[PDB]
Amino acid sequence: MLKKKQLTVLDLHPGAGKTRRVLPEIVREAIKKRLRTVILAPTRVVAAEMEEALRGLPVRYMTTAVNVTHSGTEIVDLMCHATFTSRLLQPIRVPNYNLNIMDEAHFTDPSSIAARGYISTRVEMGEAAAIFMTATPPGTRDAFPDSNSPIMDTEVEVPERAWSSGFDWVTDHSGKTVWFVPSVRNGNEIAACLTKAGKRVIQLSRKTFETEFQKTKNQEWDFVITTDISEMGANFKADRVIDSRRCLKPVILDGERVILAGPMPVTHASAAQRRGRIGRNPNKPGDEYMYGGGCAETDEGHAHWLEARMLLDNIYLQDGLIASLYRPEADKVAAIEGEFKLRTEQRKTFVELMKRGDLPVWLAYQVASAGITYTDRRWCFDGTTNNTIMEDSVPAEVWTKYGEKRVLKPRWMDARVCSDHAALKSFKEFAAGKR
Ligand SMILES: COc1ccc2[nH]cc(CN(C)C)c2c1
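Residues numbered from 1 in each chain as written, not as in the entry; some residues may be left out. Heavy atoms only, no water. Residues with missing side-chain atoms left out of burial classes, pairs and counts.

In the PDB archive, X-ray crystallography is given as the structure determination method for this entry, at a resolution of 1.6100 Å.

The PDB entry annotates the protein as NS3 Helicase of Zika virus.

### Points about the overall build of the protein
Broken down by element type, the protein carries 13 helices and 19 strands. For the protein, whose C-alpha radius of gyration is 22 Å, the value lies close to the compact-globule estimate of 22 Å for 435 residues. Expressed along its principal axes, the backbone C-alpha trace of the protein runs to roughly 60 × 60 × 40 Å. Partitioning the contacts of the protein with sequence separation of at least 6, the portion at a separation of at least 24 is 70%. (Helix = DSSP H or I, 4+ residues; strand = E, 2+ residues; numbered from the N terminus. Rg over C-alpha atoms; globule rule 2.2 N^0.38 Å. Contact = heavy atoms within 4.5 Å.)

### Things to note about the site of the ligand
Taken together, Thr385, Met390, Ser393 and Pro395 are the residues near the ligand. Protein contact buries 39% of the 390 Å² of open area that the ligand shows by itself. (Near = heavy atom within 4 Å. Areas by Shrake-Rupley, 256 points an atom, 1.4 Å probe, with all protein chains shown as cover.)

### Focus: the sheet that holds strand β6 (residues 129–133)
Spatial ordering of the open sheet is given by β1-β6-β5-β2-β4-β3, a layout of six strands whose pairing is parallel. Taken across any chain shown, the strands that pair with only one partner, and hence form the sheet edges, are β1 (7–10) and β3 (59–61). In this sheet, neighbouring strand axes are inclined to one another by 20 degrees on average, regardless of whether the strands run parallel or antiparallel. Here β3 pairs with strand β4 (residues 76–80) via three bridges, running parallel. In the sheet register, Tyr61 faces β4, and the bridge partner there is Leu78. In the packing of helix α1 (residues 18–32) onto the sheet, contacts are made with β1, β2 (37–41), β3, β4, β5 (99–103) and β6, and the angle to β5 comes to roughly 170 degrees. The sheet strands contacting helix α3 (residues 81–89) are β2, β4 and β5, and the helix crosses β4 at an angle near 100 degrees. (Pairing = 2+ DSSP bridges. Axes fitted to C-alpha atoms, helices over the stretch in contact; angles between N-to-C directions.)

### Re the domain arrangement of the protein
For the protein, the assigned domains are domain 1 (7–133) and domain 2 (152–291). For the domain 1 and domain 2 pair, buried surface summed over both sides reaches about 1100 Å², with 60% attributable to carbon and sulfur atoms. Sorting the residues of domain 1 by area buried against domain 2 places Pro14, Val45 and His106 first, and these three jointly supply 39% of that buried surface. The interface formed by domain 1 and domain 2 includes two salt bridges. Note that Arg206 is salt-bridged to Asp109, the shortest N-O span being 2.9 Å. Taken together, the links from domain 1 to domain 2 amount to four residue pairs in polar contact. Each residue belonging to the side of domain 1 that touches domain 2 can be placed in one class, and the counts come to six nonpolar, three polar and four charged. (Domains from an automatic or database assignment. Buried area = accessible area lost by both parts, 1.4 Å probe. Salt bridge = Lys/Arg side-chain N within 4 Å of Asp/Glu carboxyl O. Polar contact = N/O pair within 3.5 Å; in protein donor to acceptor, adjacent residues only side chain to side chain. Nonpolar A, V, L, I, M, F, W, Y, C, P; charged D, E, K, R; others polar.)

### Details of the sheet that holds strand β8 (residues 177–180)
Spatially, six strands are ordered β7-β14-β11-β8-β10-β9 in an open sheet, and the strand pairing comes out parallel. Where the open sheet ends on each side, the last strands, each with one partner, are β7 (151–155) and β9 (201–204). For this sheet, the mean angle separating the axes of adjacent strands, direction not counted, is 15 degrees. Note: β8 against strand β11 (residues 240–243), four bridges, orientation parallel. Opposite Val178, over in β11, you have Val241 as the bridge partner. Its contacts with the sheet place helix α6 (residues 184–196) against β8, β9 and β10 (223–226), and it is angled at close to 175 degrees to β9.

### Topic: the packing of aromatic side chains
Counting across every chain of the model gives 17 aromatic pairs. Relative to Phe236, the ring of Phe213 has its centre 5.6 Å away and its plane inclined at 65 degrees; by these criteria the two rings are edge-to-face. Remark: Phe236 occurs in the loop between β10 and β11 and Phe213 occurs in helix α7 (residues 209–213); sequence separation between them is 23 residues. Residue class for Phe213 comes out buried when judged on its relative accessible area of 2%. (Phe/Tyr/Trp six-rings, centres within 6.5 Å; stacked < 30°, edge-to-face > 60°. Buried < 20%, exposed > 50% of the residue type's maximum accessible area, 1.4 Å probe, protein only.)

### Examining the nonpolar core
In this structure, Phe84, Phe350, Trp379, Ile389, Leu408 and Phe427 are the most contacted members of the largest nonpolar core, which totals 62 residues. Put simply, the parts of the chain that give this core at least two residues each are β2, α3, α4 (110–124), β6, α10 (303–312), α11 (344–355), α12 (361–369) and α13 (421–431). Per-element accounting of this core gives the leading share, seven residues, to α12. Ignoring sequence-local partners within four residues, the contact set of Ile389 consists of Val394, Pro395, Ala396, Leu408, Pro410, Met413, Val417, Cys418, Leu424 and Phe427. Counting 27 residues, the second largest nonpolar core, distinct from the first, contains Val178, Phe213, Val224 and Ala271. (Core = buried A, V, L, I, M, F, W, Y, C linked by side-chain atoms within 4.5 Å.)

Printed below as a string of structure tokens:
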């Protein structure tokens, strides 16, 4: 696998040992060959599982995930997908890694797509080797891959709302259930229904993931209610997955606004990763997968692939050259390589709006490309009336940095800034100049 100009897709089935058995063998070989190596974890929870698997190999942990003292002699770096892309965008030297290993390489967050595009471009140029580890590479059509033990697959109607009757099979279960919901808000309503029926529920989403995931280890629980983030290598001691098979799709309408479309069907990759949370113990057959809909290729036209192009257009590769998307996912967006390339100062603004501002890529780009500076929040208030953000069915209001109460009415509307209570709270703090 470790020959230059090679990209290997390590597509062993979920629970086959990619992370705990194969990755340490690769790293040991890399260190033997003196290859400067990066290991890309999708989340800090995976970064911590990798540290355990790699314990006593010389690896530099470039993450808060882990508390380890580095010797300064490591040639193997480990960091999150998002950190890799972040450091590429910033005026910080990223070494030209000879070997690029991406774990959970199916991850469809914009920074992950961009990282794959950058790495695969370097391999295509003959500059580096790469290994993408995932049971579900781009365009997979198999929602039911092999498992360590047999799975009971049942097509069943799955609740997406509180229920009073008709789903006795959900609560009649005496084991532990991981339930994939299409949104935080939908998870909140299901979680409250289960709690009222006496169940112990933990809720996971992107913003709460590291903190809340520890509860699945530290305390007893009956249900985990999670968004699609638990597709990226999150392990549970569970015997059932309930899968809505639905997700929200960010969609850019008329180049002008982002809406959250759906819920609509997940991809086959997503369905296989949701299912792949169970059947992992060869000694525990008959884990159950209950699925509530079909799969479809809903990544086509999904805003994440356009956002990935915005990131890659702003990463230096060589002279004016621009990294392409990884070939199998390059048709998911109709974008012109370089159309989003920003001048030095606008690019700095773009980066800060993402890193400090915590704005979605698409929205960061609109602001930066309009020549607005990072701390100038007038655009949060000067949009058309149709861009008014609602809070409990009244216009949301914030005090501006000037001390004026104003209606939140952003010049560009991205539904992700107000998709749930936590998101809207964060965007109000931004509009107020609080970060
Ligand atoms: C106070 O102003 C309001 C309250 C409720 C509303 N429902 C629809 C609109 C108009 N839209 C631009 C928010 C509206 C305005």
